[PDB]
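Quick look at model34.tsv (TSV, C-alpha atoms):
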chain	number	residue	atom	x	y	z
A	1	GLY	CA	318.46	250.90	3.00
A	2	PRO	CA	319.45	254.59	3.11
A	3	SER	CA	316.30	256.58	2.35
A	4	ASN	CA	317.31	260.16	1.53
A	5	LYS	CA	314.32	261.10	-0.62
A	6	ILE	CA	310.77	259.80	-1.02
A	7	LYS	CA	307.76	260.24	-3.31
A	8	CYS	CA	305.02	262.56	-2.03
A	9	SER	CA	302.47	265.17	-3.09
A	10	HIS	CA	300.90	268.36	-1.74
A	11	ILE	CA	297.71	270.40	-2.05
A	12	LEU	CA	296.96	273.96	-0.93
A	13	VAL	CA	293.43	275.16	-0.19
A	14	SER	CA	291.58	278.01	1.51
A	15	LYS	CA	289.19	275.97	3.65
A	16	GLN	CA	289.74	272.89	5.82
A	17	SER	CA	286.64	271.36	4.24
A	18	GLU	CA	288.64	271.20	1.00
A	19	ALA	CA	292.01	270.04	2.34
A	20	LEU	CA	290.45	267.49	4.69
A	21	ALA	CA	288.26	266.34	1.80
A	22	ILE	CA	291.45	264.98	0.23
A	23	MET	CA	291.43	262.06	2.67
A	24	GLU	CA	287.65	261.61	2.54
A	25	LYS	CA	287.15	261.91	-1.22
A	26	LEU	CA	289.91	259.45	-2.15
A	27	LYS	CA	288.33	257.15	0.44
A	28	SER	CA	285.71	256.42	-2.23
A	29	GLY	CA	288.37	255.41	-4.74
A	30	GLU	CA	289.36	258.61	-6.52
A	31	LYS	CA	292.74	260.01	-7.55
A	32	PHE	CA	294.83	262.38	-5.43
A	33	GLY	CA	295.82	264.41	-8.48
A	34	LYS	CA	292.13	264.70	-9.33
A	35	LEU	CA	291.95	267.16	-6.43
A	36	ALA	CA	295.48	268.55	-6.65
A	37	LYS	CA	294.71	269.80	-10.16
A	38	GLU	CA	291.93	271.98	-8.74
A	39	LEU	CA	292.00	272.47	-4.97
A	40	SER	CA	295.74	273.15	-5.04
A	41	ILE	CA	295.79	276.95	-5.18
A	42	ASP	CA	299.55	276.83	-5.67
A	43	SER	CA	300.10	277.84	-9.30
A	44	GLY	CA	303.27	275.76	-9.23
A	45	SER	CA	301.49	272.57	-8.18
A	46	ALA	CA	298.07	272.39	-9.85
A	47	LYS	CA	299.99	271.83	-13.09
A	48	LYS	CA	301.67	268.69	-11.75
A	49	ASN	CA	298.68	267.33	-9.83
A	50	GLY	CA	300.48	268.42	-6.67
A	51	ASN	CA	302.97	265.65	-7.40
A	52	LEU	CA	306.41	266.98	-6.48
A	53	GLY	CA	307.84	263.51	-6.96
A	54	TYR	CA	310.88	262.83	-4.79
A	55	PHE	CA	312.01	265.40	-2.22
A	56	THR	CA	314.28	265.83	0.79
A	57	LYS	CA	314.77	267.80	4.01
A	58	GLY	CA	315.49	271.38	3.00
A	59	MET	CA	313.49	271.71	-0.21
A	60	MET	CA	310.26	272.75	1.52
A	61	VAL	CA	308.97	274.81	4.44
A	62	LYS	CA	309.01	273.89	8.14
A	63	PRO	CA	305.21	273.48	8.35
A	64	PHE	CA	305.39	270.88	5.59
A	65	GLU	CA	308.70	269.03	5.33
A	66	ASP	CA	308.26	267.86	8.93
A	67	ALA	CA	305.00	266.05	8.22
A	68	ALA	CA	306.02	265.36	4.62
A	69	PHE	CA	307.98	262.17	5.29
A	70	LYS	CA	306.41	261.21	8.62
A	71	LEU	CA	303.55	259.66	6.66
A	72	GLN	CA	303.39	256.05	5.47
A	73	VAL	CA	303.53	254.55	1.98
A	74	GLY	CA	300.32	255.95	0.53
A	75	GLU	CA	299.19	257.84	3.63
A	76	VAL	CA	297.68	261.34	3.63
A	77	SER	CA	298.85	264.04	6.04
A	78	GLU	CA	296.60	266.30	8.10
A	79	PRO	CA	295.59	269.82	6.97
A	80	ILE	CA	298.66	271.74	8.13
A	81	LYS	CA	297.73	275.43	8.21
A	82	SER	CA	300.68	277.44	6.88
A	83	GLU	CA	301.39	280.79	5.23
A	84	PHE	CA	300.12	279.23	2.00
A	85	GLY	CA	297.25	277.38	3.67
A	86	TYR	CA	296.34	273.78	4.42
A	87	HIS	CA	299.00	271.38	3.11
A	88	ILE	CA	297.90	267.87	2.13
A	89	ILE	CA	301.08	265.82	1.78
A	90	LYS	CA	300.61	262.27	0.48
A	91	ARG	CA	303.44	259.76	0.07
A	92	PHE	CA	303.47	257.51	-3.00
A	93	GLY	CA	306.88	255.86	-2.97
In structure tokens, write the structure found in this file.
Amino acid sequence: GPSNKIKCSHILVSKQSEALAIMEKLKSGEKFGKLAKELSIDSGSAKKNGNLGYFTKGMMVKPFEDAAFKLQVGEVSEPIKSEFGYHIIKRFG
């Protein structure tokens, strides 16, 4: 059907070793929020485990929204280096 919005998260870091670790750490069987509540330097994200819930095109930045919905159901996005840093978008649906 018509998919306007979708569930996804986000995590901001200062080093790629941290952002990229979001796809490696969880690989063991951890929780995304477990890293979003720490790594996420964004004051307005670490409080919600980087879980922004449902979003759409126009509620985020270019270097984020683009690869924010291009992911699959439960897939992690690459460390997109932006003005805020590496963005780790992860869909949850």
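Between residue A:74 and the residues A:62, A:87, A:31, A:57, the shortest atom-to-atom distance, using all atoms listed in the file, involves A:31.
Minimum distance to residue A:69 across A:39, A:21, A:89, A:52 (counting only C-alpha atoms) occurs at A:89.
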field: Pairwise distance for atom CA of residue A:12 and atom CA of residue A:38, rounded to one decimal in Å
entry: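 Value for the atom CA of residue A:12-atom CA of residue A:38 distance: 9.5 Å.
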- prompt: How many Å lie between atom CA of residue A:28 and atom CA of residue A:54, rounded to one decimal?
  reply: 26.1 Å
field: Nearest to residue A:19 by atom-to-atom distance, counting only C-alpha atoms, from A:47, A:91, A:7, A:81
entry: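 Nearest candidate to residue A:19 out of A:47, A:91, A:7, A:81: A:81.
One distance worth recording is that between atom CA of residue A:58 and atom CA of residue A:4, which is 11.5 Å.
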Nearby residues (all atoms listed in the file) at most 12 Å from residue A:11, same-chain spacing under 5 positions excluded, as a PDB file with C-alpha atoms, keeping the file's coordinate frame:
ATOM      1  CA  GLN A  16     289.740 272.890   5.820  1.00  0.00           C
ATOM      2  CA  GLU A  18     288.640 271.200   1.000  1.00  0.00           C
ATOM      3  CA  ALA A  19     292.010 270.040   2.340  1.00  0.00           C
ATOM      4  CA  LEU A  20     290.450 267.490   4.690  1.00  0.00           C
ATOM      5  CA  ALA A  21     288.260 266.340   1.800  1.00  0.00           C
ATOM      6  CA  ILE A  22     291.450 264.980   0.230  1.00  0.00           C
ATOM      7  CA  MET A  23     291.430 262.060   2.670  1.00  0.00           C
ATOM      8  CA  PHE A  32     294.830 262.380  -5.430  1.00  0.00           C
ATOM      9  CA  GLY A  33     295.820 264.410  -8.480  1.00  0.00           C
ATOM     10  CA  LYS A  34     292.130 264.700  -9.330  1.00  0.00           C
ATOM     11  CA  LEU A  35     291.950 267.160  -6.430  1.00  0.00           C
ATOM     12  CA  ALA A  36     295.480 268.550  -6.650  1.00  0.00           C
ATOM     13  CA  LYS A  37     294.710 269.800 -10.160  1.00  0.00           C
ATOM     14  CA  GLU A  38     291.930 271.980  -8.740  1.00  0.00           C
ATOM     15  CA  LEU A  39     292.000 272.470  -4.970  1.00  0.00           C
ATOM     16  CA  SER A  40     295.740 273.150  -5.040  1.00  0.00           C
ATOM     17  CA  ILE A  41     295.790 276.950  -5.180  1.00  0.00           C
ATOM     18  CA  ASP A  42     299.550 276.830  -5.670  1.00  0.00           C
ATOM     19  CA  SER A  43     300.100 277.840  -9.300  1.00  0.00           C
ATOM     20  CA  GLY A  44     303.270 275.760  -9.230  1.00  0.00           C
ATOM     21  CA  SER A  45     301.490 272.570  -8.180  1.00  0.00           C
ATOM     22  CA  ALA A  46     298.070 272.390  -9.850  1.00  0.00           C
ATOM     23  CA  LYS A  47     299.990 271.830 -13.090  1.00  0.00           C
ATOM     24  CA  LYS A  48     301.670 268.690 -11.750  1.00  0.00           C
ATOM     25  CA  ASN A  49     298.680 267.330  -9.830  1.00  0.00           C
ATOM     26  CA  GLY A  50     300.480 268.420  -6.670  1.00  0.00           C
ATOM     27  CA  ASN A  51     302.970 265.650  -7.400  1.00  0.00           C
ATOM     28  CA  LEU A  52     306.410 266.980  -6.480  1.00  0.00           C
ATOM     29  CA  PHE A  64     305.390 270.880   5.590  1.00  0.00           C
ATOM     30  CA  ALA A  68     306.020 265.360   4.620  1.00  0.00           C
ATOM     31  CA  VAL A  76     297.680 261.340   3.630  1.00  0.00           C
ATOM     32  CA  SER A  77     298.850 264.040   6.040  1.00  0.00           C
ATOM     33  CA  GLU A  78     296.600 266.300   8.100  1.00  0.00           C
ATOM     34  CA  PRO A  79     295.590 269.820   6.970  1.00  0.00           C
ATOM     35  CA  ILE A  80     298.660 271.740   8.130  1.00  0.00           C
ATOM     36  CA  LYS A  81     297.730 275.430   8.210  1.00  0.00           C
ATOM     37  CA  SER A  82     300.680 277.440   6.880  1.00  0.00           C
ATOM     38  CA  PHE A  84     300.120 279.230   2.000  1.00  0.00           C
ATOM     39  CA  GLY A  85     297.250 277.380   3.670  1.00  0.00           C
ATOM     40  CA  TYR A  86     296.340 273.780   4.420  1.00  0.00           C
ATOM     41  CA  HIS A  87     299.000 271.380   3.110  1.00  0.00           C
ATOM     42  CA  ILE A  88     297.900 267.870   2.130  1.00  0.00           C
ATOM     43  CA  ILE A  89     301.080 265.820   1.780  1.00  0.00           C
ATOM     44  CA  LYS A  90     300.610 262.270   0.480  1.00  0.00           C
TER      45      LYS A  90
END
- line: Residue with the minimum atom-to-atom distance to residue A:92, picked from A:13, A:6, A:67, A:60 with only C-alpha atoms counted, is A:6
field: Among listed residues A:56, A:17, A:25, A:73, nearest residue A:3 (using all atoms listed in the file)
entry: A:56
